[PDB]
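J.: Pasting a structure below so you can have a look.
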Amino acid sequence: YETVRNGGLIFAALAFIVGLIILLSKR
Amino acid sequence: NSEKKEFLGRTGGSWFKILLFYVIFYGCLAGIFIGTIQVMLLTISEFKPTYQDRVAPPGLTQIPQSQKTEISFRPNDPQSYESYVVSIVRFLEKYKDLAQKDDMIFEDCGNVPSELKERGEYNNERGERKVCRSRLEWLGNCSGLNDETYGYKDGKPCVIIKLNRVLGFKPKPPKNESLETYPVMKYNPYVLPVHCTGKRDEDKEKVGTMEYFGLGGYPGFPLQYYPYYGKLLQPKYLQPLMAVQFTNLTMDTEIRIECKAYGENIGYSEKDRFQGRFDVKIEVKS
Amino acid sequence: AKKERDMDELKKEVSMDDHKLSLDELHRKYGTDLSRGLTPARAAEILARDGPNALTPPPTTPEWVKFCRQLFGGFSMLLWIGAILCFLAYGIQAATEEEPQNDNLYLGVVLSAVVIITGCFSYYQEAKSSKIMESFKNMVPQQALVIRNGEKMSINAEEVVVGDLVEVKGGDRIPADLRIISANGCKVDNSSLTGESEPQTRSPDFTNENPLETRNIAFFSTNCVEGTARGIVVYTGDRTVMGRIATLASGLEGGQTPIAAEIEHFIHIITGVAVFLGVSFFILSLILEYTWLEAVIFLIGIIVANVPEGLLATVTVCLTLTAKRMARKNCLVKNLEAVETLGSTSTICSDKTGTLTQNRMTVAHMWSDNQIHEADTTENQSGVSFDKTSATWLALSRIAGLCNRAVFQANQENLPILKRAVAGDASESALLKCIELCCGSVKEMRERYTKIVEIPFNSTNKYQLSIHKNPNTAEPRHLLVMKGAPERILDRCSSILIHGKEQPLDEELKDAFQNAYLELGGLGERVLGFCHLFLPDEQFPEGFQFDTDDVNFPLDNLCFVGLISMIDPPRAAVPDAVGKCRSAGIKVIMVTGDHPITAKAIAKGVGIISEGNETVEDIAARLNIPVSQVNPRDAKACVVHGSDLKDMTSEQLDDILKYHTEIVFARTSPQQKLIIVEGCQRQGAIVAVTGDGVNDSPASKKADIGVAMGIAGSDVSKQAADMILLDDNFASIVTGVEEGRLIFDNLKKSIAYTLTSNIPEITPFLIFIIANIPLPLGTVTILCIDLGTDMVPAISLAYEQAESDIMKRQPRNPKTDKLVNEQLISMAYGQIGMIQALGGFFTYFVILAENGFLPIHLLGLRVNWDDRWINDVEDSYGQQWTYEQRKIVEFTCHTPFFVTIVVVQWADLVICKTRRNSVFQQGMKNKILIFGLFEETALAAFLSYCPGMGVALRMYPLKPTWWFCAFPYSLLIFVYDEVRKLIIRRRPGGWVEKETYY
Ligand SMILES: CC(C)CCC[C@@H](C)[C@H]1CC[C@H]2[C@@H]3CC=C4C[C@@H](O)CC[C@]4(C)[C@H]3CC[C@]12C
Ligand SMILES: [Mg+2]
Ligand SMILES: [Rb+]
Ligand SMILES: [Rb+]
Ligand SMILES: [Rb+]
């Protein structure tokens, strides 16, 4: 299980970020 | 303020479509659910689970259907111990030697705790796999020949303890090291111990007298039964039992007692008040 | 003080007066002397009996009430009783088998919070701080001048009484309502009333029946532009004429916007389901008899699963966006609710002066060289000049500039010529600017030709003249330049300058000059005559002492240079951007207190009266037949006089609106504008009103939405409006009426997507009763949809471009075609809503069998399952689960119901995007909606993997294979919706559209 918790925290965090890059795409 | 009409034609006057084309929908939908829930079931092998971590470090159930993990009755009222007796009657009645019959489907096994009989592979190859049985007769003064209700404890009760059946779970008891019940009959190889206490190792108001029972006169469980092979490849399967009669010189008092079980494949949760252990409040208000 | 339909209906009839009395018909009537005023003693003594002069503003319901009246907004009962039943319940559990569980008690505080928070959101909405009287009361003055016993004494304007003697001087303001007895050279800015700011004259000349028109009544609020007067005060404050308005206006229920009466309609529908269900499944709760608190714990569920939470404030926010969006096109919004309003609009009523036009008298045409020229009547000078090639111009320029008393105000070279502060009047400065602008300076051109003597305009002779030292090197010395009325400036001319060369004033031109004076002024223009003379060199040598008592120099056979003409002209956009509001199918109507001759001319100018369209009168004189002989329905357009309105009835009026397209109510009371709005309203229609003048307030404040003008307009008009065109651009009404048709669509999408996800939230709790199953989706779990994942993605539709020329469809129709309707609920609930649940259950069914409990061995468990003592329960194999053992799988079942829901909402958020276009027709250019996705999704994850969400939310980590459940179901949702839209677009009248096109 330890290997799953550090698994979702990543493809999630690379989605609050890609969202900021789609957001700051002209505002 | 009128659904109708005339100048209108009512809400639709058909309606027919507006509704008929909704059975169609809800059905075509229903089906599509049915399918995807049937193929979903292709499946998770007929014999085992797919995940089992959610039942691991199994817990210690019992045979007094706990009102609130507790038993309050008087030796007097022949109605006061009914709730406890009829329900014991419930579970033990599945055990009468009248039902355990012939080398099929069961098979007698060591009156002494034996090895780990691994019946076979969880394939359907062997049919109703065979089942080392257990006679109600390993129950210290918790059995006899009565009417429609065994002769159970009018003064100084009785509460049998059990294990949580898991699919393919092999208990591995503690080595000779640092447990609780020091090596004074610590059946090293083939039995799981169960030690009863008040409230930890700290000053508990020990107001009881601890007396046990079992298979070979052992307070624990025999590895001659596991693994369990599913209620499919093994209906009729019966699990081990381990009564602990409470003949404490005390009475008229609530005192919490915990019946832990020990082993390497035994754990506990702090919020699971029954994971790999017990917890029962007890009072025989005479 | 009777009802409102009286105290406020009497404030609606026009007034009636006593300028018709003689001077001794007063005297008695007030007791006031006149050579010398009142007693001062019978003054303050009239004060008591009649009571202080000035107005008192309506009371203010503070920032308590204004708030809380919110904490019951529709869904807010349901959301309120859910958190009360919570505070019940818990109690119950603080009495039975020890359950010091955080559980429900939190749901009580939680829910309660949301009900509050939800209110603000819908409060920073129904806002409306309308300081109107703290604008009118600012137009009375500090002191006033009255006389008593004979002494003249200024005093606190409020110590004026119904009776004494007031001397208004020049520039200052008019204390009460005056009947003028003495009076001098007294003109007066009647703008607050007429709407125009050109001064009218005050004499004791009773002249006229109507007290608004006689020159012997002075008016509260107005100011004396020049001169002096004396008056007896006939009305004192609240009781006056303007005051009787500030009353009637600061007395007007804003009332339902057209939007907020949509919210207060889907709410009525929702809440409906939210009970019908909620009590269907509760008498039936305890008709199979779950506990007591096994039903009141199941209400708290069914409620919450029903009240959409993250919507009624999702919508508050959709507004606040497109609002703060127009404010960049320089249109300010003072009332959020209003950001919609402009769009739903089917009629506009516009003040002409200052709103439709620039309220700047200005040169529209000319008559140089026998040809008619036209100049640039814009504010910026878009269009073209007209010429100067000809000498004749150098000459006419000279006159028009030379014979003129207008300067510019100090310190103004900064601003554009036109927007510069004059020190003249109507024409004079309108001419000054014409020149300066397109003929070099005039501070200069008036030292070249220095004036030696002049004759200012006298009413008798209708002319004005200066003799100037022309300074040429040759050089007749002595240029006489005069302007004046035209028809009466030929009887003083015998020659007509042409391209440079004088000629005889024959008959060709005399007819063609009168032939142009008609054409020209038929455009509702003030037209002037300009003429000059080079004074015979001999007859006046260098020194001549011209006299202006005894005339002395010639006044005939002067040369005739040309005609010049002015007007109050549209602003640039106004005309192009009025015909716009008709590709939109909006009706425009002129509502102006100006005079009918200008009105109808300006009307036709901006375009409220279209080419080739006529009125009755227009017709009679196109068939020389008396008027009462014309079939009035032959007439599309018509001009109506405020003096016939006076005696009309709502019904003759409902007929004047019901039967004409191009309307112009001219010269109109303030009341009268309202009297019209009210009757446009009368029959359903949503109406806007444009204004700038205190004369407007009332309509600008009965308006469904009221638009003021930014810099023209008056503290008032605006402080009584919803929008406020900060740059006075009258095109932001088209911009705004579009941006507001889109917030409508994009509010349906924004709602649908919210409501759709509501169905796979109710059905869990619904089956929990049906197949005594283990509760798939938990309460605290639901306040994660519309408060968590769903917020952002919904907010995001509000940013959605259109799907066609919206401003090419008739305006929506308040009564039919609502925001939320049959065809929509049939979709978020009846359709896409179900499919969302079939996918939400499907995985609960997988979480449990992949974990043992093969579906069917579920159809009962709850009764036992939920038991905290029955630690020994058979699955579908034999395995015996404890409590926390199996629950940790129940919550594990929430945790990814809560996902298959978020996973389906992808497919949702992408088809609540468009309502007709395939997603390949409209594409995914919404660089924000996409963000909502990435957020939504990842939020969930985080809500499921952080060390904590489990112990805090019953949210437990999931296993890879787990997330992809709903997938086929998202993708179904997706493909179903796409095929809908197709159908429609292939059969646009066909059954599907009737049934799915919201
Ligand atoms: C599946 C169970 C638990 C839910 C029962 C609710 C069903 C029967 C309800 C919920 C939504 C309902 C629909 C809601 C709105 C539409 C549109 C209107 O033009 C006619 C009624 C109609 C067509 C309703 C028919 C019945 C309906 C489908
Ligand atoms: Mg105006
Ligand atoms: Rb909800
Ligand atoms: Rb308003
Ligand atoms: Rb929802």
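Chain lettering (A, B, ...) mirrors the order of the structure tokens, residue numbering begins at 1 for each chain separately, and ligand numbering begins at 1 in order of display.
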Residue 4 in chain A: which residues within 8 Å, counting only C-alpha atoms, same-chain residues fewer than 5 positions away excluded, as a ChimeraX atom specification?

T.: /C:957-959

J.: Store the residues picked out above in a file with N, CA and C atoms, as a PDB file, in the first residue's frame.

T.:
```pdb
ATOM      1  N   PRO C 957      -7.465   5.321   0.305  1.00  0.00           N
ATOM      2  CA  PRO C 957      -6.675   5.171  -0.923  1.00  0.00           C
ATOM      3  C   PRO C 957      -7.269   4.113  -1.836  1.00  0.00           C
ATOM      4  N   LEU C 958      -7.135   4.270  -3.148  1.00  0.00           N
ATOM      5  CA  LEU C 958      -7.696   3.300  -4.085  1.00  0.00           C
ATOM      6  C   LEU C 958      -6.615   2.527  -4.827  1.00  0.00           C
ATOM      7  N   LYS C 959      -7.014   1.434  -5.463  1.00  0.00           N
ATOM      8  CA  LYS C 959      -6.090   0.585  -6.202  1.00  0.00           C
ATOM      9  C   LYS C 959      -6.213   0.857  -7.700  1.00  0.00           C
TER      10      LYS C 959
END
```

J.: Can you work out which residues from chain A touch chain C at a cut-off of 7 Å (counting only C-alpha atoms) and hand them back as a PyMOL selection string?

T.: chain A and resi 5+8-9+12+15-16+19+22-23

J.: So the first atom is CA of residue 357 in chain C and the second is CA of residue 371 in chain C; what is the distance between them in Å, to one decimal place?

T.: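 Between these atoms lies a distance of 27.1 Å.
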
J.: Please give the complete set of residues from range 54-264 of chain B that DSSP, run on the backbone, assigns to helix (DSSP H, G or I), formatted as a list in words.

T.: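 So, restricting range 54-264 of chain B to helix (DSSP H, G or I), we get residues 82, 83, 84, 85, 86, 87, 88, 89, 90, 91, 92, 136, 137 and 138 of chain B.
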
J.: Enumerate as a PyMOL selection string the residues belonging to chain B that approach chain C to within 8 Å, with only C-alpha atoms taken into account.

T.: chain B and resi 18+29+33+36-37+40+44+47-52+54-55+58-59+61+65-69+164-167+230-232+271-272+274-275

J.: Take the residues just selected and output them with C-alpha atoms as a PDB file, in the first residue's frame.

T.:
```pdb
ATOM      1  CA  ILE B  18     -42.772  11.359 -23.735  1.00  0.00           C
ATOM      2  CA  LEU B  29     -30.075   1.251 -19.846  1.00  0.00           C
ATOM      3  CA  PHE B  33     -25.985  -2.287 -16.591  1.00  0.00           C
ATOM      4  CA  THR B  36     -21.476  -4.827 -17.700  1.00  0.00           C
ATOM      5  CA  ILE B  37     -22.233  -6.237 -14.231  1.00  0.00           C
ATOM      6  CA  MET B  40     -17.687  -7.694 -14.589  1.00  0.00           C
ATOM      7  CA  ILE B  44     -12.858 -13.157  -9.553  1.00  0.00           C
ATOM      8  CA  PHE B  47     -13.122 -20.186  -5.203  1.00  0.00           C
ATOM      9  CA  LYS B  48     -10.981 -17.401  -3.772  1.00  0.00           C
ATOM     10  CA  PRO B  49     -11.322 -13.625  -3.330  1.00  0.00           C
ATOM     11  CA  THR B  50      -9.220 -11.258  -5.477  1.00  0.00           C
ATOM     12  CA  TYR B  51      -8.047  -9.134  -2.588  1.00  0.00           C
ATOM     13  CA  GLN B  52      -7.700 -10.310   1.003  1.00  0.00           C
ATOM     14  CA  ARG B  54      -9.037  -6.237   4.138  1.00  0.00           C
ATOM     15  CA  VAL B  55      -9.630  -9.287   6.359  1.00  0.00           C
ATOM     16  CA  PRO B  58      -8.447 -11.548  11.745  1.00  0.00           C
ATOM     17  CA  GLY B  59     -10.309 -10.934  14.996  1.00  0.00           C
ATOM     18  CA  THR B  61     -15.529 -13.379  17.679  1.00  0.00           C
ATOM     19  CA  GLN B  65     -24.298 -12.565  20.725  1.00  0.00           C
ATOM     20  CA  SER B  66     -23.154  -9.433  22.530  1.00  0.00           C
ATOM     21  CA  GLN B  67     -25.844  -6.985  23.577  1.00  0.00           C
ATOM     22  CA  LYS B  68     -23.081  -4.408  23.965  1.00  0.00           C
ATOM     23  CA  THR B  69     -20.163  -6.782  24.443  1.00  0.00           C
ATOM     24  CA  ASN B 164     -12.195 -15.434  12.244  1.00  0.00           C
ATOM     25  CA  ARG B 165     -12.362 -17.785   9.261  1.00  0.00           C
ATOM     26  CA  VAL B 166     -10.222 -16.588   6.335  1.00  0.00           C
ATOM     27  CA  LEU B 167      -9.749 -18.234   2.934  1.00  0.00           C
ATOM     28  CA  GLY B 230     -14.318 -21.793   0.713  1.00  0.00           C
ATOM     29  CA  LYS B 231     -17.992 -22.412   1.475  1.00  0.00           C
ATOM     30  CA  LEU B 232     -18.129 -23.742  -2.099  1.00  0.00           C
ATOM     31  CA  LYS B 271     -10.028   1.339  16.770  1.00  0.00           C
ATOM     32  CA  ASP B 272     -11.001  -2.203  15.762  1.00  0.00           C
ATOM     33  CA  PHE B 274     -12.078  -6.979  17.844  1.00  0.00           C
ATOM     34  CA  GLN B 275      -9.081  -7.280  15.482  1.00  0.00           C
TER      35      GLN B 275
END
```

J.: Counting only C-alpha atoms and all ligand atoms, which protein, DNA or RNA residues come within 7 Å of ligand 1, given as a PyMOL selection string?

T.: (chain B and resi 18-19+22) or (chain C and resi 763+766+822-823+825-826+829-830)

J.: For residue 67 in chain C, list every protein, DNA or RNA residue within 12 Å, evaluated using only C-alpha atoms, and leave out those in the same chain fewer than 6 positions away; present the list as a PyMOL selection string.

T.: chain C and resi 61+73+116-127

J.: Any residue with an atom at most 12 Å from ligand 3 counts, using only C-alpha atoms and all ligand atoms. Which are they? Put them as a ChimeraX atom specification.

T.: /C:75,78-79,111,270-271,274,300-312,753-763,765,777-788,790-791

J.: Could you tell me which of B:53, B:211, B:89, B:183 comes closest to chain A if we count only C-alpha atoms?

T.: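 Of B:53, B:211, B:89, B:183, the one nearest chain A is B:53, counting only C-alpha atoms.
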
J.: Within 9 Å of residue 278 in chain B, counting only C-alpha atoms, which residues show up once you throw out same-chain ones fewer than 5 positions away? Write them as a ChimeraX atom specification, please.

T.: /B:59-62,161,257-261,273

J.: Go ahead and save the picked residues with N, CA and C atoms, as a PDB file, in the first residue's frame.

T.:
```pdb
ATOM      1  N   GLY B  59      -9.950 -11.224  13.619  1.00  0.00           N
ATOM      2  CA  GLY B  59     -10.309 -10.934  14.996  1.00  0.00           C
ATOM      3  C   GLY B  59     -11.055 -12.038  15.714  1.00  0.00           C
ATOM      4  N   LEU B  60     -11.155 -11.907  17.030  1.00  0.00           N
ATOM      5  CA  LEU B  60     -11.755 -12.950  17.853  1.00  0.00           C
ATOM      6  C   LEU B  60     -13.238 -12.711  18.136  1.00  0.00           C
ATOM      7  N   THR B  61     -14.097 -13.409  17.404  1.00  0.00           N
ATOM      8  CA  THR B  61     -15.529 -13.379  17.679  1.00  0.00           C
ATOM      9  C   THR B  61     -15.865 -14.262  18.891  1.00  0.00           C
ATOM     10  N   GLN B  62     -17.153 -14.463  19.168  1.00  0.00           N
ATOM     11  CA  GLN B  62     -17.571 -15.285  20.302  1.00  0.00           C
ATOM     12  C   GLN B  62     -18.865 -16.037  20.032  1.00  0.00           C
ATOM     13  N   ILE B 161     -15.016 -18.897  22.990  1.00  0.00           N
ATOM     14  CA  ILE B 161     -14.363 -17.964  22.064  1.00  0.00           C
ATOM     15  C   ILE B 161     -13.950 -18.646  20.750  1.00  0.00           C
ATOM     16  N   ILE B 257     -12.551  -7.389  30.627  1.00  0.00           N
ATOM     17  CA  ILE B 257     -11.536  -8.398  30.376  1.00  0.00           C
ATOM     18  C   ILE B 257     -11.271  -8.497  28.878  1.00  0.00           C
ATOM     19  N   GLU B 258     -10.002  -8.655  28.518  1.00  0.00           N
ATOM     20  CA  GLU B 258      -9.606  -8.768  27.119  1.00  0.00           C
ATOM     21  C   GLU B 258      -9.008 -10.137  26.853  1.00  0.00           C
ATOM     22  N   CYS B 259      -9.483 -10.814  25.813  1.00  0.00           N
ATOM     23  CA  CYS B 259      -8.911 -12.109  25.449  1.00  0.00           C
ATOM     24  C   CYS B 259      -8.113 -12.067  24.139  1.00  0.00           C
ATOM     25  N   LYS B 260      -6.878 -11.587  24.244  1.00  0.00           N
ATOM     26  CA  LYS B 260      -5.969 -11.524  23.112  1.00  0.00           C
ATOM     27  C   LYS B 260      -5.620 -12.907  22.589  1.00  0.00           C
ATOM     28  N   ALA B 261      -5.281 -12.964  21.307  1.00  0.00           N
ATOM     29  CA  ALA B 261      -4.708 -14.160  20.706  1.00  0.00           C
ATOM     30  C   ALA B 261      -3.317 -13.807  20.184  1.00  0.00           C
ATOM     31  N   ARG B 273     -12.046  -2.821  17.850  1.00  0.00           N
ATOM     32  CA  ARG B 273     -12.120  -3.410  19.176  1.00  0.00           C
ATOM     33  C   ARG B 273     -12.223  -4.931  19.139  1.00  0.00           C
TER      34      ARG B 273
END
```

J.: To check your reading of the model: which residues sit at most 9 Å from ligand 2 when counting only C-alpha atoms and all ligand atoms? Write the answer as a ChimeraX atom specification.

T.: /C:191-192,194-197,351-357,359,592-593,691-696,712-713

J.: Keeping C-alpha atoms for every residue in the selection just given, could you write it to a file as an mmCIF file, in the first residue's frame?

T.:
```cif
data_model
loop_
_atom_site.group_PDB
_atom_site.id
_atom_site.type_symbol
_atom_site.label_atom_id
_atom_site.label_comp_id
_atom_site.auth_asym_id
_atom_site.auth_seq_id
_atom_site.Cartn_x
_atom_site.Cartn_y
_atom_site.Cartn_z
ATOM 1 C CA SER C 191 -32.806 71.318 -17.259
ATOM 2 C CA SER C 192 -33.971 69.343 -14.187
ATOM 3 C CA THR C 194 -37.303 69.886 -19.497
ATOM 4 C CA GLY C 195 -34.083 68.065 -19.871
ATOM 5 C CA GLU C 196 -32.489 70.841 -21.933
ATOM 6 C CA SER C 197 -30.124 73.301 -20.449
ATOM 7 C CA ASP C 351 -34.008 60.229 -23.113
ATOM 8 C CA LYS C 352 -32.933 62.050 -26.338
ATOM 9 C CA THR C 353 -31.022 64.977 -24.982
ATOM 10 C CA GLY C 354 -27.640 64.079 -23.576
ATOM 11 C CA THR C 355 -28.215 60.331 -23.849
ATOM 12 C CA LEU C 356 -29.125 59.707 -27.480
ATOM 13 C CA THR C 357 -27.364 63.019 -28.360
ATOM 14 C CA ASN C 359 -26.391 67.951 -25.512
ATOM 15 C CA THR C 592 -38.067 63.101 -24.234
ATOM 16 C CA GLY C 593 -39.256 66.308 -22.637
ATOM 17 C CA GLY C 691 -31.065 58.622 -19.342
ATOM 18 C CA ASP C 692 -28.775 61.341 -18.041
ATOM 19 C CA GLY C 693 -31.068 63.833 -16.490
ATOM 20 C CA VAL C 694 -32.589 64.279 -13.066
ATOM 21 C CA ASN C 695 -35.691 64.588 -15.194
ATOM 22 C CA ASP C 696 -35.360 60.844 -15.828
ATOM 23 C CA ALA C 712 -23.199 63.666 -19.138
ATOM 24 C CA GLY C 713 -25.646 62.553 -16.509
#
```

J.: I want to know what sits within 7 Å of range 187-202 of chain B, based on only C-alpha atoms, with residues of the same chain fewer than 4 positions away left out; could you give that as a ChimeraX atom specification?

T.: /B:113-115,173,175,181,206,219-223,256-263
